[PDB]
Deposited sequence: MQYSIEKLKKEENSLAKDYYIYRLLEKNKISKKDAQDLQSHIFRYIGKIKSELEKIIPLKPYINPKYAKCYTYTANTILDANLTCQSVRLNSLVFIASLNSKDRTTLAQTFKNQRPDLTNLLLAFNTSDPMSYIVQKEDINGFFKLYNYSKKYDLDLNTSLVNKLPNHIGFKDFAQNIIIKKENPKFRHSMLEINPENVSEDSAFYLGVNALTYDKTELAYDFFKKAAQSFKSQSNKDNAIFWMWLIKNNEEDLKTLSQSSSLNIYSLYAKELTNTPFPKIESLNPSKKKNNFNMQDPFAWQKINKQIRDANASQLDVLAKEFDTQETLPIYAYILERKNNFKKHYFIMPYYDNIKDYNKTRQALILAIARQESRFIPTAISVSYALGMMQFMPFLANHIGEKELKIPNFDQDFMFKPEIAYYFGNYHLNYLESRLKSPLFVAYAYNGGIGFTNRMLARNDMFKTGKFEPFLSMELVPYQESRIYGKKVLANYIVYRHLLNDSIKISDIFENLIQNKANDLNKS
């Protein structure tokens, strides 16, 4: 470990945060050591904040305004009332006499506040706001209570997409399968009124009610408006699944984006496999330390700051086997993510696993870390396979009994791949398909089991398994699974062990 004073020398980074956090969680930082530690934390969110505030606890314009309570709010001036009435919890806490008075007071200057004040006099504030078609109020109330749910007319639902909250509202209720009356109402949104992710989710919604022509119209709108080729491909795939137009399949097979949809279309049209870059430096190693987390943070900052000529210079400093992940990382930026980099670094460590397992390990590592051995996430997951300290210590200390085990052993590629394999043996025994294994690797076996036990997920159906892949209940896991699955297909191909993509999808249907 590093002493608190040595850490304070280091530049501020997620690595420095992580080591500060290691000392805090062991109670190794004294009260004076802890004093200026606020300024030595790169990202002062989550576990590290909570832990520092056990030692060091934390706008004068409005200090006066928080002296007032529900009982004294009418004594406050207009500015203080305004500030306090930003909270719906606070509005709900008032009595109806005072809400009625405040409603009259704010009628001209804050009419949206008036609507909410009056809404909270009724037993269903959402019904009141819906009657008004007060869109700002609608989203405030949804954020206040996710339980409100009622039928919304065509006029109202077609106004909802003109609010920045709509996208995540729509996504959340669709993938969580909540607010049935809201979901059903959104069938009357005109595709003309939505674009990108909103249009896409409304497509998925329409598919869950078996409105296939409506779904096509939403997916087509998404395909025309998405800015990223990867999302375009996902929308075009749905246009093809619904109407079977050959030109959509062909456009999809010709995509510059390497993803499961474009790969699947290439298979279906006998289009060749995409070109994968082949990187194999002659030099085995240099003086750069790939196990030093601070050195990576420093060189990452320099790479992220660099122009074309500077990236070319940096590439030549890292053209070695041992530094291949940094080299590939530099080159991925130098070609603006246009070429396809699927490296297989520290391969001697996995060569004795069978090729299917190698492909899965590589697929997960590429997604988790791009193979950077000292990768540290915002939750302090570590190394190429991004093990959380809890799991790393459980495997290293309890189950495997490794002498002198520290969780920083995760920065060693030999350990990362070994623990990766170990954890994959456990997941794959229960879950079978590499897609389901990916979901559990990212989101835990618990949520993955609860999901697969549902009678509406990954069962036989017209648009399965593709519909279920859009309804994974966590946005992060949905995306993760698709990316890892694409990576898995590519690594199977690179290992002269190609898999038929159609086979993979057929196996998802339980």
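Unmodelled regions of the deposited chain, listed from N- to C-terminal end, are 1, 60 to 63, 516 to 524.
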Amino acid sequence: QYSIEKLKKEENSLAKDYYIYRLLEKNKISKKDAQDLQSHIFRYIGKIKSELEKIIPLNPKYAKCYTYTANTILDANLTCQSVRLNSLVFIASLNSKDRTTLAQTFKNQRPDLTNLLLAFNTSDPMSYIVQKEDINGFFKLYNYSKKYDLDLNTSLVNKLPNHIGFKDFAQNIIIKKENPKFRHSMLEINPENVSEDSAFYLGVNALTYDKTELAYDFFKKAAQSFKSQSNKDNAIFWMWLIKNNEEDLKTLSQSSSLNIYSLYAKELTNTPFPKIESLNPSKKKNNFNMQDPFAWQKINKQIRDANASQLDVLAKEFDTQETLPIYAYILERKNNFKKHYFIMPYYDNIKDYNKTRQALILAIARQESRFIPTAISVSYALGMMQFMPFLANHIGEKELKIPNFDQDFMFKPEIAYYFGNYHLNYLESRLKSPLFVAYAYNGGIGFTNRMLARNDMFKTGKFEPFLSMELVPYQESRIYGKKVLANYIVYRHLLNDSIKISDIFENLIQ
From here on, numbers count along this sequence of modelled residues.
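As recorded in the PDB entry, 312 to 320 is the stretch of 86 to 94 and 312 to 320 with the greater mean C-alpha temperature factor.
Legend: mean Cα B-factor per stretch from the PDB entry, 434 to 442 versus 243 to 251; the higher mean is in 243 to 251. Based on the entry's C-alpha B-factors, the most elevated value among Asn421, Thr356, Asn77, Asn162 belongs to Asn77. Based on the entry's C-alpha B-factors, the most elevated value among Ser477, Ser468, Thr69, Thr460 belongs to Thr460.
The PDB entry assigns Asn404 a C-alpha temperature factor belonging to the highest third of its chain's modelled residues. Ranked by Cα temperature factor within the chain, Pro389 sits in the highest third according to the deposited record. When the CA B factors of the chain's modelled residues are split into thirds, the value for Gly481 lands in the lowest one. Per the PDB record, residue ranking by Cα B-factor puts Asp305 in the highest third of the chain. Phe120 sits in the lowest third of its chain by CA B factor, as recorded in the PDB entry.
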